[PDB]
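# Examining the three-dimensional arrangement
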Amino acid sequence: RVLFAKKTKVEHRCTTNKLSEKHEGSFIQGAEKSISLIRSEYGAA
Amino acid sequence: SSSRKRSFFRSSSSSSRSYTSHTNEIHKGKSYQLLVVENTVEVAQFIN
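Residues numbered from 1 in each chain as written, not as in the entry; some residues may be left out. Chains lettered and ligands numbered in written order. Part of a larger assembly, values for the part shown. Heavy atoms only, no water. Residues with missing side-chain atoms left out of burial classes, pairs and counts.

By the method listed in its record, cryo-EM, this PDB entry was determined to a resolution of 5.60 Å.

Set out below in structure tokens:
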């Protein structure tokens, strides 16, 4: 302002950015086998 | 963002933006087999 004349200018600006990525997992595998022989029929148990 | 300019007069400005997105996926599967082979005794024979 100079002296009548008056001037005023105000500017405001804000920005915000956010990113969140999360991944959690588990996989399990297990195999077991057997084999046997027996050299009366009652013993088959 | 808000910008207000006045020179003598009054000015008012307001702006708001909101964004929210969520994405989740779950995948589970199993495959298993059970093989078994046995044989009786049957002491008899056909030795003829």
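Once the structure has been displayed, the description carries forward.
What follows is about the overall build of chain B. Within chain B one finds 0 helices and 0 strands. For chain B, the C-alpha atoms occupy an extent of roughly 125 × 10 × 5 Å along the three principal directions. (Helix = DSSP H or I, 4+ residues; strand = E, 2+ residues; numbered from the N terminus.)

Here the focus is the overall build of chain A. Secondary structure assignment for chain A yields 0 helices and 0 strands. Referenced to the eigenvectors of the C-alpha coordinate spread, the extents of chain A come out at roughly 125 × 15 × 5 Å.

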